[PDB]
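**Student:** Would you mind keeping the following structure in view while I ask a few things?
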Amino acid sequence: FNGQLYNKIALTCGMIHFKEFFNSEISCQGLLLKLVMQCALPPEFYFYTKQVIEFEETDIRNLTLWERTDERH
DNA sequence: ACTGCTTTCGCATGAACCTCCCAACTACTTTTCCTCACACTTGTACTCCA
């Protein structure tokens, strides 16, 4: 609950370095094809979101998977 | 004097206790595991007042 699945991933990418050995590349195209069909919206929002993504993004691709072995906070 | 008062004795073989523990199911602890949002600063935003 409430990022307990997420904070362990943050503790997992940090303790064992999934970063800098593997590819921490979240294929966001394979994620939002679901979210179109979850609530049955027209497929323009698949690309309407994409340019909102590609406007506000450091390094256009690759929403970064995060690593944390730093502390428990 | 004499009673009561004893004392051995028996047709032959076959055979014919009790308290505490371990019960049964209740309840009220143990044995260390994981999972984090909380205190003061500080840096960065968009105001300020001289």
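To be explicit about the labels: the chains of the structure tokens are called A, B, and onward in the order shown, and within each one the residues are counted from 1, while ligands get numbers from 1 in the order they are shown.
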Starting from chain A, keep only residues with some atom at most 12 Å from an atom of chain B, counting only C-alpha atoms (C1' of nucleotides), and report them as a PyMOL selection string.
**Tutor:** chain A and resi 1-5+7-8+71-73
**Student:** I'd like to know which residues of chain A are helix (DSSP H, G or I) (by DSSP, run on the backbone); could you write them as a PDB file with N, CA, C and O atoms, in the first residue's frame?
**Tutor:**
```pdb
ATOM      1  N   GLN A   4       4.525   1.299  -0.959  1.00  0.00           N
ATOM      2  CA  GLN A   4       5.300   0.206  -0.389  1.00  0.00           C
ATOM      3  C   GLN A   4       5.801  -0.727  -1.476  1.00  0.00           C
ATOM      4  O   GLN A   4       6.892  -1.291  -1.358  1.00  0.00           O
ATOM      5  N   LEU A   5       5.020  -0.900  -2.541  1.00  0.00           N
ATOM      6  CA  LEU A   5       5.547  -1.584  -3.708  1.00  0.00           C
ATOM      7  C   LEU A   5       6.541  -0.693  -4.442  1.00  0.00           C
ATOM      8  O   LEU A   5       7.467  -1.201  -5.082  1.00  0.00           O
ATOM      9  N   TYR A   6       6.394   0.631  -4.339  1.00  0.00           N
ATOM     10  CA  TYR A   6       7.292   1.523  -5.064  1.00  0.00           C
ATOM     11  C   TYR A   6       8.583   1.798  -4.301  1.00  0.00           C
ATOM     12  O   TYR A   6       9.657   1.834  -4.910  1.00  0.00           O
ATOM     13  N   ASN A   7       8.506   2.016  -2.983  1.00  0.00           N
ATOM     14  CA  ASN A   7       9.711   2.312  -2.213  1.00  0.00           C
ATOM     15  C   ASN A   7      10.656   1.122  -2.128  1.00  0.00           C
ATOM     16  O   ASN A   7      11.865   1.318  -1.973  1.00  0.00           O
ATOM     17  N   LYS A   8      10.136  -0.101  -2.224  1.00  0.00           N
ATOM     18  CA  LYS A   8      11.013  -1.262  -2.285  1.00  0.00           C
ATOM     19  C   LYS A   8      11.741  -1.322  -3.618  1.00  0.00           C
ATOM     20  O   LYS A   8      12.920  -1.679  -3.658  1.00  0.00           O
ATOM     21  N   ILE A   9      11.056  -0.960  -4.713  1.00  0.00           N
ATOM     22  CA  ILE A   9      11.707  -0.799  -6.014  1.00  0.00           C
ATOM     23  C   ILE A   9      12.793   0.267  -5.936  1.00  0.00           C
ATOM     24  O   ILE A   9      13.896   0.091  -6.474  1.00  0.00           O
ATOM     25  N   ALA A  10      12.510   1.369  -5.233  1.00  0.00           N
ATOM     26  CA  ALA A  10      13.535   2.373  -4.969  1.00  0.00           C
ATOM     27  C   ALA A  10      14.663   1.795  -4.126  1.00  0.00           C
ATOM     28  O   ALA A  10      15.839   2.084  -4.369  1.00  0.00           O
ATOM     29  N   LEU A  11      14.330   0.942  -3.157  1.00  0.00           N
ATOM     30  CA  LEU A  11      15.374   0.234  -2.428  1.00  0.00           C
ATOM     31  C   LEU A  11      15.969  -0.917  -3.228  1.00  0.00           C
ATOM     32  O   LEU A  11      17.065  -1.375  -2.892  1.00  0.00           O
ATOM     33  N   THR A  12      15.286  -1.403  -4.270  1.00  0.00           N
ATOM     34  CA  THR A  12      15.857  -2.517  -5.021  1.00  0.00           C
ATOM     35  C   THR A  12      16.852  -2.034  -6.066  1.00  0.00           C
ATOM     36  O   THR A  12      17.942  -2.604  -6.188  1.00  0.00           O
ATOM     37  N   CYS A  13      16.505  -0.981  -6.815  1.00  0.00           N
ATOM     38  CA  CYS A  13      17.421  -0.426  -7.808  1.00  0.00           C
ATOM     39  C   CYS A  13      18.665   0.179  -7.174  1.00  0.00           C
ATOM     40  O   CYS A  13      19.699   0.278  -7.841  1.00  0.00           O
ATOM     41  N   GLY A  14      18.592   0.570  -5.907  1.00  0.00           N
ATOM     42  CA  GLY A  14      19.730   1.132  -5.215  1.00  0.00           C
ATOM     43  C   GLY A  14      20.670   0.109  -4.609  1.00  0.00           C
ATOM     44  O   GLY A  14      21.889   0.265  -4.724  1.00  0.00           O
ATOM     45  N   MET A  15      20.126  -0.900  -3.894  1.00  0.00           N
ATOM     46  CA  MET A  15      20.942  -1.950  -3.197  1.00  0.00           C
ATOM     47  C   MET A  15      21.714  -2.831  -4.193  1.00  0.00           C
ATOM     48  O   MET A  15      22.939  -2.988  -4.010  1.00  0.00           O
ATOM     49  N   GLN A  29       5.087   3.618 -23.965  1.00  0.00           N
ATOM     50  CA  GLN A  29       4.132   3.254 -25.003  1.00  0.00           C
ATOM     51  C   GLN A  29       3.430   1.947 -24.686  1.00  0.00           C
ATOM     52  O   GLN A  29       2.254   1.783 -25.025  1.00  0.00           O
ATOM     53  N   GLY A  30       4.117   1.027 -24.021  1.00  0.00           N
ATOM     54  CA  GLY A  30       3.514  -0.204 -23.563  1.00  0.00           C
ATOM     55  C   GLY A  30       2.702  -0.069 -22.294  1.00  0.00           C
ATOM     56  O   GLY A  30       2.134  -1.058 -21.818  1.00  0.00           O
ATOM     57  N   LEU A  31       2.629   1.133 -21.733  1.00  0.00           N
ATOM     58  CA  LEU A  31       1.858   1.404 -20.532  1.00  0.00           C
ATOM     59  C   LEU A  31       0.566   2.147 -20.831  1.00  0.00           C
ATOM     60  O   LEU A  31      -0.478   1.805 -20.273  1.00  0.00           O
ATOM     61  N   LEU A  32       0.603   3.151 -21.699  1.00  0.00           N
ATOM     62  CA  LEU A  32      -0.564   3.978 -21.949  1.00  0.00           C
ATOM     63  C   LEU A  32      -1.424   3.474 -23.099  1.00  0.00           C
ATOM     64  O   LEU A  32      -2.457   4.084 -23.385  1.00  0.00           O
ATOM     65  N   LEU A  33      -1.034   2.383 -23.768  1.00  0.00           N
ATOM     66  CA  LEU A  33      -2.011   1.685 -24.597  1.00  0.00           C
ATOM     67  C   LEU A  33      -3.074   1.035 -23.724  1.00  0.00           C
ATOM     68  O   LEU A  33      -4.244   0.950 -24.122  1.00  0.00           O
ATOM     69  N   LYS A  34      -2.685   0.603 -22.522  1.00  0.00           N
ATOM     70  CA  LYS A  34      -3.653   0.128 -21.539  1.00  0.00           C
ATOM     71  C   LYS A  34      -4.595   1.247 -21.116  1.00  0.00           C
ATOM     72  O   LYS A  34      -5.819   1.107 -21.216  1.00  0.00           O
ATOM     73  N   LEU A  35      -4.037   2.388 -20.691  1.00  0.00           N
ATOM     74  CA  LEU A  35      -4.818   3.470 -20.095  1.00  0.00           C
ATOM     75  C   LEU A  35      -5.769   4.147 -21.072  1.00  0.00           C
ATOM     76  O   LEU A  35      -6.686   4.843 -20.625  1.00  0.00           O
ATOM     77  N   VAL A  36      -5.588   3.960 -22.379  1.00  0.00           N
ATOM     78  CA  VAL A  36      -6.626   4.353 -23.328  1.00  0.00           C
ATOM     79  C   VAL A  36      -7.846   3.454 -23.174  1.00  0.00           C
ATOM     80  O   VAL A  36      -8.985   3.929 -23.077  1.00  0.00           O
ATOM     81  N   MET A  37      -7.625   2.146 -23.123  1.00  0.00           N
ATOM     82  CA  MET A  37      -8.701   1.166 -23.147  1.00  0.00           C
ATOM     83  C   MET A  37      -9.264   0.851 -21.764  1.00  0.00           C
ATOM     84  O   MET A  37     -10.249   0.108 -21.671  1.00  0.00           O
ATOM     85  N   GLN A  38      -8.656   1.380 -20.696  1.00  0.00           N
ATOM     86  CA  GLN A  38      -9.210   1.216 -19.354  1.00  0.00           C
ATOM     87  C   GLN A  38     -10.543   1.933 -19.234  1.00  0.00           C
ATOM     88  O   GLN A  38     -11.502   1.401 -18.663  1.00  0.00           O
ATOM     89  N   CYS A  39     -10.621   3.141 -19.786  1.00  0.00           N
ATOM     90  CA  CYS A  39     -11.791   3.990 -19.640  1.00  0.00           C
ATOM     91  C   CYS A  39     -12.401   4.390 -20.973  1.00  0.00           C
ATOM     92  O   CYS A  39     -13.287   5.254 -20.989  1.00  0.00           O
ATOM     93  N   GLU A  44      -6.621   9.958 -29.595  1.00  0.00           N
ATOM     94  CA  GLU A  44      -5.899  11.218 -29.708  1.00  0.00           C
ATOM     95  C   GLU A  44      -5.163  11.552 -28.420  1.00  0.00           C
ATOM     96  O   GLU A  44      -4.097  12.174 -28.463  1.00  0.00           O
ATOM     97  N   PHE A  45      -5.708  11.129 -27.273  1.00  0.00           N
ATOM     98  CA  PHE A  45      -5.078  11.391 -25.983  1.00  0.00           C
ATOM     99  C   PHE A  45      -3.816  10.569 -25.777  1.00  0.00           C
ATOM    100  O   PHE A  45      -3.020  10.897 -24.894  1.00  0.00           O
ATOM    101  N   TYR A  46      -3.639   9.496 -26.554  1.00  0.00           N
ATOM    102  CA  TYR A  46      -2.382   8.754 -26.561  1.00  0.00           C
ATOM    103  C   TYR A  46      -1.235   9.620 -27.067  1.00  0.00           C
ATOM    104  O   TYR A  46      -0.093   9.488 -26.609  1.00  0.00           O
ATOM    105  N   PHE A  47      -1.523  10.517 -28.006  1.00  0.00           N
ATOM    106  CA  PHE A  47      -0.523  11.431 -28.531  1.00  0.00           C
ATOM    107  C   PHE A  47      -0.644  12.835 -27.965  1.00  0.00           C
ATOM    108  O   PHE A  47       0.349  13.571 -27.967  1.00  0.00           O
ATOM    109  N   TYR A  48      -1.843  13.225 -27.513  1.00  0.00           N
ATOM    110  CA  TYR A  48      -1.998  14.476 -26.776  1.00  0.00           C
ATOM    111  C   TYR A  48      -1.151  14.468 -25.513  1.00  0.00           C
ATOM    112  O   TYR A  48      -0.502  15.466 -25.186  1.00  0.00           O
ATOM    113  N   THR A  49      -1.151  13.343 -24.795  1.00  0.00           N
ATOM    114  CA  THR A  49      -0.292  13.197 -23.625  1.00  0.00           C
ATOM    115  C   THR A  49       1.170  13.197 -24.031  1.00  0.00           C
ATOM    116  O   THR A  49       2.006  13.805 -23.356  1.00  0.00           O
ATOM    117  N   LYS A  50       1.470  12.569 -25.173  1.00  0.00           N
ATOM    118  CA  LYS A  50       2.847  12.323 -25.589  1.00  0.00           C
ATOM    119  C   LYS A  50       3.600  13.620 -25.844  1.00  0.00           C
ATOM    120  O   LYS A  50       4.778  13.739 -25.499  1.00  0.00           O
ATOM    121  N   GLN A  51       2.927  14.621 -26.402  1.00  0.00           N
ATOM    122  CA  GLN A  51       3.592  15.900 -26.592  1.00  0.00           C
ATOM    123  C   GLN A  51       3.603  16.747 -25.326  1.00  0.00           C
ATOM    124  O   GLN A  51       4.450  17.637 -25.206  1.00  0.00           O
ATOM    125  N   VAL A  52       2.692  16.489 -24.383  1.00  0.00           N
ATOM    126  CA  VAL A  52       2.834  17.047 -23.041  1.00  0.00           C
ATOM    127  C   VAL A  52       4.014  16.386 -22.336  1.00  0.00           C
ATOM    128  O   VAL A  52       4.742  17.038 -21.573  1.00  0.00           O
ATOM    129  N   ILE A  53       4.243  15.098 -22.609  1.00  0.00           N
ATOM    130  CA  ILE A  53       5.440  14.423 -22.118  1.00  0.00           C
ATOM    131  C   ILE A  53       6.687  15.009 -22.768  1.00  0.00           C
ATOM    132  O   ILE A  53       7.621  15.436 -22.082  1.00  0.00           O
ATOM    133  N   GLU A  54       6.705  15.067 -24.101  1.00  0.00           N
ATOM    134  CA  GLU A  54       7.883  15.498 -24.842  1.00  0.00           C
ATOM    135  C   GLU A  54       8.147  16.998 -24.747  1.00  0.00           C
ATOM    136  O   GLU A  54       9.235  17.439 -25.132  1.00  0.00           O
ATOM    137  N   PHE A  55       7.198  17.790 -24.240  1.00  0.00           N
ATOM    138  CA  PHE A  55       7.505  19.175 -23.890  1.00  0.00           C
ATOM    139  C   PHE A  55       8.249  19.253 -22.568  1.00  0.00           C
ATOM    140  O   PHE A  55       9.339  19.829 -22.494  1.00  0.00           O
TER     141      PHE A  55
END
```
**Student:** Neighbouring residues of residue 17 of chain A were defined as those with any atom within 10 Å, considering only C-alpha atoms (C1' of nucleotides); residues of the same chain fewer than 6 positions away were excluded. Please report them as a list in words.
**Tutor:**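 Those residues are residues 67, 68 and 69 of chain A.
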**Student:** How would the residues just picked look written out with N, CA, C and O atoms as a PDB file, in the first residue's frame?
**Tutor:**
```pdb
ATOM      1  N   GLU A  67      16.774   4.898  -8.149  1.00  0.00           N
ATOM      2  CA  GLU A  67      17.542   4.007  -7.294  1.00  0.00           C
ATOM      3  C   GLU A  67      17.829   4.701  -5.973  1.00  0.00           C
ATOM      4  O   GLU A  67      18.059   5.913  -5.939  1.00  0.00           O
ATOM      5  N   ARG A  68      17.796   3.931  -4.890  1.00  0.00           N
ATOM      6  CA  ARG A  68      17.976   4.490  -3.555  1.00  0.00           C
ATOM      7  C   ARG A  68      18.503   3.387  -2.642  1.00  0.00           C
ATOM      8  O   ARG A  68      17.739   2.530  -2.192  1.00  0.00           O
ATOM      9  N   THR A  69      19.809   3.409  -2.392  1.00  0.00           N
ATOM     10  CA  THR A  69      20.404   2.736  -1.247  1.00  0.00           C
ATOM     11  C   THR A  69      20.878   3.742  -0.209  1.00  0.00           C
ATOM     12  O   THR A  69      21.591   3.367   0.728  1.00  0.00           O
TER      13      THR A  69
END
```
**Student:** Between atom CA of residue 20 of chain A and atom CA of residue 56 of chain A, what is the spacing in Å?
**Tutor:**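 Here the two named atoms are 24.2 Å from each other.
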**Student:** Can you work out the spacing between atom CA of residue 16 of chain A and atom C1' of residue 38 of chain B in Å, to one decimal?
**Tutor:** 27.7 Å
**Student:** Between atom CA of residue 21 of chain A and atom CA of residue 63 of chain A, what is the spacing in Å?
**Tutor:**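 According to the coordinates, atom CA of residue 63 of chain A and atom CA of residue 21 of chain A are separated by 17.0 Å.
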